Number of protein chains: 2
Amino acid sequence: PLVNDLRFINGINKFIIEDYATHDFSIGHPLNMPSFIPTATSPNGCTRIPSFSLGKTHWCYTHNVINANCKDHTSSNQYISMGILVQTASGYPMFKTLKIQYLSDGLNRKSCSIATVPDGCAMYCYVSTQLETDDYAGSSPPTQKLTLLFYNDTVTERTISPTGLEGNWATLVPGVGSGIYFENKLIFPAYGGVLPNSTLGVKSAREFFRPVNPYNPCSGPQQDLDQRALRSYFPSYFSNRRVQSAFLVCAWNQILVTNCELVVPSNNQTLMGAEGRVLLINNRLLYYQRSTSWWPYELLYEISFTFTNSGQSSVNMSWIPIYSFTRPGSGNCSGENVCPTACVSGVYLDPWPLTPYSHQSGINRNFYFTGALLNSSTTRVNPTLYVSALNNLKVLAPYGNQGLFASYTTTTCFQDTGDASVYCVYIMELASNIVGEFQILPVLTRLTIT
Amino acid sequence: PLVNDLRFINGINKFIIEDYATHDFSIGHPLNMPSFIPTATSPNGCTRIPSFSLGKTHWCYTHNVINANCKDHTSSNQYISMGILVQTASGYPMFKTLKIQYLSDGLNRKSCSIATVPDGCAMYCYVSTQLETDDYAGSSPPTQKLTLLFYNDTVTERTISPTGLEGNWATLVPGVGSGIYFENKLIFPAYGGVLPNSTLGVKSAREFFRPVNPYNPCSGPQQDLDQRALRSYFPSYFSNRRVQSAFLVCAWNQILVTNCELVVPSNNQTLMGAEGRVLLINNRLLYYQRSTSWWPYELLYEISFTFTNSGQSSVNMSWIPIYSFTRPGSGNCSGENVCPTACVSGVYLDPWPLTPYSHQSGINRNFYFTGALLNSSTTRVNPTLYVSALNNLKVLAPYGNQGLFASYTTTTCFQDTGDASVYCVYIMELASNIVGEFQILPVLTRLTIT
Ligand SMILES: CC(=O)N[C@H]1[C@H]([C@H](O)[C@H](O)CO)O[C@@](O[C@H]2[C@@H](O)[C@@H](CO)O[C@@H](O[C@H]3[C@H](O)[C@@H](O)[C@@H](O)O[C@@H]3CO)[C@@H]2O)(C(=O)O)C[C@@H]1O
Ligand SMILES: CC(=O)N[C@H]1[C@H]([C@H](O)[C@H](O)CO)O[C@@](O[C@H]2[C@@H](O)[C@@H](CO)O[C@@H](O[C@H]3[C@H](O)[C@@H](O)[C@@H](O)O[C@@H]3CO)[C@@H]2O)(C(=O)O)C[C@@H]1O
Ligand SMILES: *[C@@H]1O[C@H](CO)[C@@H](O)[C@H](O)[C@H]1NC(C)=O
Ligand SMILES: *[C@@H]1O[C@H](CO)[C@@H](O)[C@H](O)[C@H]1NC(C)=O
Ligand SMILES: *[C@@H]1O[C@H](CO)[C@@H](O)[C@H](O)[C@H]1NC(C)=O
Ligand SMILES: *[C@@H]1O[C@H](CO)[C@@H](O)[C@H](O)[C@H]1NC(C)=O
Ligand SMILES: *[C@@H]1O[C@H](CO)[C@@H](O)[C@H](O)[C@H]1NC(C)=O
Ligand SMILES: *[C@@H]1O[C@H](CO)[C@@H](O)[C@H](O)[C@H]1NC(C)=O
Ligand SMILES: *[C@@H]1O[C@H](CO)[C@@H](O)[C@H](O)[C@H]1NC(C)=O
Ligand SMILES: *[C@@H]1O[C@H](CO)[C@@H](O)[C@H](O)[C@H]1NC(C)=O
Ligand SMILES: *[C@@H]1O[C@H](CO)[C@@H](O)[C@H](O)[C@H]1NC(C)=O
Ligand SMILES: *[C@@H]1O[C@H](CO)[C@@H](O)[C@H](O)[C@H]1NC(C)=O
């Protein structure tokens with residue numbers, strides 16, 4: 001059966017710490033198992049852009065493979081797998097692959113998000129025919145693809161044109177981080193360029209968000225800072241489109257015929273559009289947003305939807321006030337810049353929240369989250385396992401030596417309800433001496449909480 | 001269905017050059033695909049000892065995994081997979097894993113050899129409770145295990161005591177290299193120590209084999225060199241047992257109840273016992289023998305069996321006169337030593353024969369074989385893809401830079417009958433900077449023959 005070992009099924013997508021109390025952390029050493037993530041078979045072949053979802057009954061995984069240089073494009077292929085958590089005699093679980101699908105048909109599917117769905121996986125891709133910058137310069141979004149891969153080896157792929165895309169967008173691509181399936185809804189992260197003179201572009205022209213770190217403020221008048229923040233949404237790198245995060249939401253019930261819906265947040269509540277991830281913990285939804293724009297700290301929002309009688313839906317989001325570690329960036333968008341600027345920079349590094357933030361009783365200031373960061377303010381280098389509070393890092397554990405190059409990281413934690421062990425898997429693009437750019441490594445760790 | 005793409009089914013286990021003529025070769029660049037061989041998930045965790053068999057309808061693979069250093073031994077786990085050859089849009093096939101079995105029960109299965117069998121894989125292991133030297137010092141062979149893994153997810157394991165084992169052997173272990181299934185027979189490579197005072201020990205006491213390289217002889221008298229060669233079979237490292245190669249042959253018909261049989265070759269025809277591989281190409285059988293003893297060149301024998309009235313079977317082998325490249329070794333067992341001396345050294349590097357040697361018409365002096373060697377006479381370093389004639393190397397293609405550490409290599413070639421493409425997969429243990437000692441890398445290349 002396509003189902004996790006029973007000691008994990010009730011420890012998945014849970015808040016591990018409902019204490020609201022203060023805690024100290026220790027991140028254990030990497031636990032050895034056969035990697036479920038395949039490496040390149042050539043020194044110069046490219047494997048990048050991981051997407052991982054651990055669902056209650058199984059997990060889904062995907063990444064992009066190129067038989068050429070990473071910089072080189074042309075077409076690429078997409079490795080997709082699904083499997084379960086299985087306990088080993090070693091004392092810890094292992095990710096056991098049950099199904100593999102290697103999409104190699106010459107269609108250049110990229111920026112793909114995967115989601116765990118009943119009896120399988122759903123992947124959202126766009127078909128790339130040109131440079132990303134050309135994509136934003138143009139007036140027409142690329143082809144949007146939704147593919148369904150089931151345990152019974154059935155694979156179905158559809159082109160979709162979600163409600164709200166045509167006429168409003170220069171491009172749209174998936175947000176690379178995993179999406180979720182909840183309550184007959186399939187929801188993916190997405191982002192792209194909004195045509196500033198379109199209906200949507202005109203309705204959202206005024207909107208902007210300016211997060212402030214009280215412990216490291218940006219000097220200037222509020223109105224100047226505000227207008228700079230508003231203008232950061234229109235980078236010239238992307239042809240001054242309004243770069244916008246959006247949510248692809250699909251009725252699972254009608255997933256074979258539905259064109260889906262594009263639900264767009266208010267930019268009063270969110271930063272410039274970027275890669276992201278949708279999480280469902282307990283039944284509260286969250287959104288990770290990559291810091292591509294000027295704000296260097298970790299972006300995590302509590303979100304909620306209103307699906308209006310199956311009309312045009314809305315989403316409300318609320319920023320969790322996090323400013324602890326900083327992501328690397330280039331130029332005036334580096335990890336040291338805290339001030340409003342037009343930026344296309346940063347790197348994908350998502351958090352796994354160990355605690356609720358807002359709950360029924362109140363707000364938890366003792367919020368904790370874990371992940372892998374890159375210890376540098378400029379360079380993608382020095383991958384470091386971490387646990388972080390809102391204002392400060394609770395614990396740090398470097399992977400590898402100083403000078404080890406690493407890029408994207410995605411983290412998922414789950415609990416063994418049999419022995420109460422808390423496991424975190426840090427999936428990170430790491431530079432390998434022998435295989436193509438970035439062996440994507442799932443390192444599994446036991447997390448000790450006091 | 002467990003079956004290779006149709007284009008490769010008639011291109012597997014064939015002599016791809018039946019020309020008997022001279023040829024030139026070019027080894028293509030590595031072709032990128034998702035690796036079917038999982039890596040370690042920890043920087044210092046062990047992954048070693050690959051065994052690979054490509055059958056007409058599918059392939060079988062296994063290697064050993066330890067959550068500790070390679071040197072420290074407590075227990076290990078055994079990764080097993082099976083799958084098919086599938087064509088990609090990239091222009092070349094890919095190894096698609098269809099079933100994974102991770103044997104992790106705390107039993108230390110070691111030196112395992114895998115074989116492709118109908119609807120699955122068969123693996124021959126021994127359970128290691130102690131040092132190999134302790135094994136040879138003792139009087140009792142370790143536990144011999146035979147495990148059957150089928151596509152229908154059934155896995156069956158038996159302890160076996162092959163005919164001829166009890167009382168005649170101090171130890172026996174599998175050859176590591178893959179075994180084969182042919183004519184209702186399952187045949188694995190094996191080796192171990194023979195008790196010199198036993199029946200087998202006294203019957204084989206006179207036997208020895210002393211190969212000579214005509215272009216690089218060992219200077220000295222025949223009689224003295226001969227007794228030195230006889231004495232090389234009894235290393236004090238292995239407690240002066242007679243170190244002996246053998247074949248585990250099993251009736252597939254009765255595979256659930258049979259105890260199997262040990263068929264032991266005459267040491268007049270073969271060197272000191274070691275790791276090895278059984279090949280079936282066309283319908284003739286070959287045996288690769290690791291050069292653990294003093295002879296530094298590549299050992300490949302044409303072999304044939306006589307199964308006498310289901311009584312005690314016999315095996316005849318005939319050395320193919322190869323002296324071209326040399327394997328690395330230590331001390332007076334290095335790649336430069338051509339003279340009989342007690343050695344326990346060398347490394348596993350198996351050849352794939354592209355041409356028949358002996359045929360009905362005669363013997364092919366234009367014999368060619370391909371594989372991966374280590375360019376050093378002392379150190380396991382500088383992995384190099386090669387095609388070799390009997391006396392000389394036809395072509396060389398280094399993997400990586402100078403100083404790259406590599407150990408065991410196993411090579412398999414097959415032909416696409418659709419476009420006549422010849423593919424060779426060189427599976428090698430390579431030192432990785434991020435994962436535990438020995439990312440086992442399957443590098444696939446197209447071989448050009450003129
Ligand atoms: C659809 C897509 O291309 N996604 C890529 C993302 C997006 O570009 C990002 O979310 C912005 O929308 O980013 C990734 O690609 C970056 C990577 O190739 C690096 C290589 O070092 O370059 C980035 O472009 C840089 C460029 O290298 C600089 O010279 C300068 O011009 O700025 C641009 C933009 O920062 C790529 O965006 C990524 O790895 O970060 C991955 C996706 O392929
Ligand atoms: C059942 C088993 O132990 N198989 C191992 C084989 C066998 O030892 C070999 O076929 C001889 O029968 O060899 C491999 O292990 C060797 C490896 O661990 C190296 C490490 O560098 O050491 C070898 O033992 C050396 C020893 O290190 C030296 O100090 C000296 O005493 O000589 C001995 C023998 O050369 C191990 O044999 C191997 O990797 O080659 C693999 C199997 O674990
Ligand atoms: C208006 O939108 C179109 C896309 O149809 C775009 O080409 C044009 O440059 C936009 N003008 C401005 C000011 O954004
Ligand atoms: C495979 O599974 C999906 C589950 O939704 C089902 O809809 C589909 O009919 C199945 N296909 C086959 C051939 O069984
Ligand atoms: C966003 O905020 C601006 C002022 O900063 C305001 O003009 C606009 O009405 C707001 N829009 C929404 C949806 O809140
Ligand atoms: C939406 O989120 C904002 C925080 O950005 C919060 O103040 C507001 O109450 C939420 N709106 C609704 C209708 O819940
Ligand atoms: C980065 O590295 C330095 C030492 O190289 C260390 O002192 C510092 O704390 C690290 N920072 C983080 C966020 O890990
Ligand atoms: C003789 O054989 C016995 C078992 O029959 C064994 O214990 C012993 O090791 C052998 N002696 C030598 C010198 O090999
Ligand atoms: C699996 O296959 C083997 C032979 O291929 C067969 O003997 C065995 O009965 C099968 N197991 C099950 C549960 O059907
Ligand atoms: C092996 O050769 C020896 C002499 O070296 C001879 O006495 C013996 O008869 C031969 N045995 C076999 C099986 O060939
Ligand atoms: C066995 O192989 C030998 C070569 O070592 C060869 O001379 C002979 O033909 C074979 N013996 C038999 C009985 O076929
Ligand atoms: C070993 O390396 C040297 C270059 O350092 C090269 O000239 C030589 O041909 C190589 N030998 C083999 C067998 O690859």
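Atom set for the values below is all heavy atoms of this structure, side chains included, hydrogens, waters and symmetry mates excluded. Each chain gets a letter, A, B and so on, in the order the sequences are listed, and its residues count up from 1.
- Considering all non-hydrogen atoms of both residues, B:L349 and B:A372 come closest at CD2-O, 3.7 Å.
- Between B:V117 and B:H58, the shortest heavy-atom distance links the atoms O-CE1, 3.2 Å.
- Note that CZ of B:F307 is 10.0 Å distant from CG of B:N184, once rounded to the nearest 0.5 Å.
- A cation-pi arrangement, defined by a distance under 6.0 Å to the six-membered ring centre and an angle within 45 degrees of its axis, is absent between B:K145 and B:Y124.
- In B:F405, the CZ atom is not crowded: 12 or fewer heavy atoms of neighbouring residues, nucleotides or ligands sit closer than 6.0 Å.
- Note that the CG atom of A:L31 and the OG atom of B:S42 stand 8.5 Å from one another [nearest 0.5 Å].
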### Query
Does the side-chain hydrogen bond (donor to acceptor under 3.5 Å, both in side chains) test come out yes or no for B:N77 and B:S104, once each step is laid out?
CA-CA 5 Å; B:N77 314 279; B:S104 188; 2.4 Å; yes
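- When every heavy atom of B:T116 is checked against every heavy atom of B:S53, the shortest pair comes out as OG1-O, 3.0 Å.
- Listed for the B:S128 side chain is no donor-acceptor partner under 3.5 Å among the backbone atoms of B:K110.
- Between B:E261 and B:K185, no side-chain nitrogen of the basic residue sits less than 4.0 Å from a carboxylate oxygen of the acidic one, so the salt-bridge criterion is not met.
- Residues A:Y426 and A:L444 form no side-chain contact, since every pair of their non-hydrogen atoms from C-beta on lies 4.5 Å or further apart.
- The side-chain heavy atoms of B:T147 and B:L149, taken from C-beta on, include a pair separated by under 4.5 Å.
- A donor atom on one side chain and an acceptor atom on the other are found under 3.5 Å apart for B:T292 and B:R290.
- In summary, the side chains of A:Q439 and A:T47 do not present any donor paired with an acceptor at a separation below 3.5 Å, with no hydrogens or angles considered.
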### Residue pair A:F438, A:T39: steps toward the side-chain contact (heavy atoms from CB on, under 4.5 Å) verdict
CA-CA 8 Å; A:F438 304 157; A:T39 200; over 6 Å; no
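- Residues B:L404 and B:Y399 meet the side-chain proximity criterion, which asks for heavy atoms closer than 4.5 Å.
- Donor-acceptor pairing under 3.5 Å is recorded for the side chains of B:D350 and B:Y348.
- Using a 4.5 Å cut-off on side-chain heavy atoms (C-beta onward), A:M428 and A:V443 make contact.
- Atom CG of B:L262 sits about 9.0 Å away from atom CG of B:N168, to the nearest 0.5 Å.
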### Task
Determine, step by step, whether B:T171 and B:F238 satisfy the side-chain contact (heavy atoms from CB on, under 4.5 Å) criterion, reporting the C-alpha distance in whole Å, the side-chain angles of both residues, the deciding distance to 0.1 Å, and the verdict.
CA-CA 10 Å; B:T171 42; B:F238 284 151; over 6 Å; no
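- Two residues are said to be in side-chain contact when any heavy atoms from C-beta on lie closer than 4.5 Å; A:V65 and A:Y102 meet this criterion.
- Within the 4.5 Å cutoff, side-chain heavy atoms of B:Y287 are placed close to those of B:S245.
- Between the side chains of A:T417 and A:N10, no donor-acceptor pair of N or O atoms lies under 3.5 Å.
- Checking side-chain atoms of B:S239 against main-chain N and O of B:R241 turns up no donor-acceptor pair under 3.5 Å.
- Taking SG of B:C125 as the reference point, atom CZ of B:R109 lies at 6.5 Å (rounded to 0.5 Å).
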### Message
Would A:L103 and A:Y79 count as a side-chain contact (heavy atoms from CB on, under 4.5 Å) here? Give the steps.
### Response
CA-CA 6 Å; A:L103 298 192; A:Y79 175 89; over 6 Å; no
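- One finds a salt bridge joining B:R48 and B:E429 here, because a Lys/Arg side-chain nitrogen approaches an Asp/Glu carboxylate oxygen to under 4.0 Å.
- Not less than 6.0 angstrom separates the ring centroid of B:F188 from the ring centroid of B:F247.
- Minimum heavy-atom separation, B:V173 to B:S111: CG2-OG, 3.9 Å.
- Taking the side chain as every heavy atom from C-beta outward, B:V155 and B:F150 never approach each other to under 4.5 Å.
- No side-chain donor-acceptor contact under 3.5 Å links B:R380 to the backbone of B:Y408.
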Could you go through residues 81-97 of chain A and list every donor-acceptor pair under 3.5 Å that involves a side-chain atom there, pairing it with any protein atom two or more places apart or in another chain?
from: A:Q87; atom 1: NE2; to: A:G91; atom 2: O; distance (Å): 3.3
from: A:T88; atom 1: OG1; to: A:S90; atom 2: N; distance (Å): 3.3
from: A:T88; atom 1: OG1; to: A:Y92; atom 2: O; distance (Å): 2.6
from: A:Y92; atom 1: OH; to: A:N32; atom 2: N; distance (Å): 3.4
from: A:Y92; atom 1: OH; to: A:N32; atom 2: O; distance (Å): 2.6
from: A:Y92; atom 1: OH; to: B:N67; atom 2: OD1; distance (Å): 3.1
from: A:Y92; atom 1: OH; to: B:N67; atom 2: ND2; distance (Å): 3.4

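- In this structure, A:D5 contributes its side chain and A:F8 its backbone to no donor-acceptor pair below 3.5 Å.
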### Task
Take A:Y423 and A:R446 through the test side-chain hydrogen bond (donor to acceptor under 3.5 Å, both in side chains) and record every step on the way to the result.
CA-CA 5 Å; A:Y423 295 103; A:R446 208 181 267 111; 3.1 Å; yes
### Query
Yes or no on side-chain contact (heavy atoms from CB on, under 4.5 Å) for B:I37 and B:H63, after CA distance, side-chain angles and deciding distance?
CA-CA 9 Å; B:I37 301 179; B:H63 71 230; 3.7 Å; yes
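- Judged by distance alone, the side chain of B:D119 and the main-chain N or O of B:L2 form no donor-acceptor pair under 3.5 Å.
- In terms of heavy atoms, B:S178 sits closest to B:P189 at O-CD, 3.8 Å.
- For the residue pair B:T57/B:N4, the side-chain donor-acceptor check at 3.5 Å is not satisfied.
- Residue B:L430 comes nearest to B:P383 through the heavy atom pair CD2-CG, 3.9 Å, listed as atom of the first residue, atom of the second, then distance.
- To the nearest 0.5 angstrom, B:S432 atom OG is 4.5 Å from B:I434 atom CD1.
- When side chains are defined from C-beta on, A:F36 counts as touching A:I427, because their heavy atoms get closer than 4.5 Å.
- For the atom pair OG1 (A:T62) and CD1 (A:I80), the distance works out to 4.5 Å, reported to the nearest 0.5 Å.
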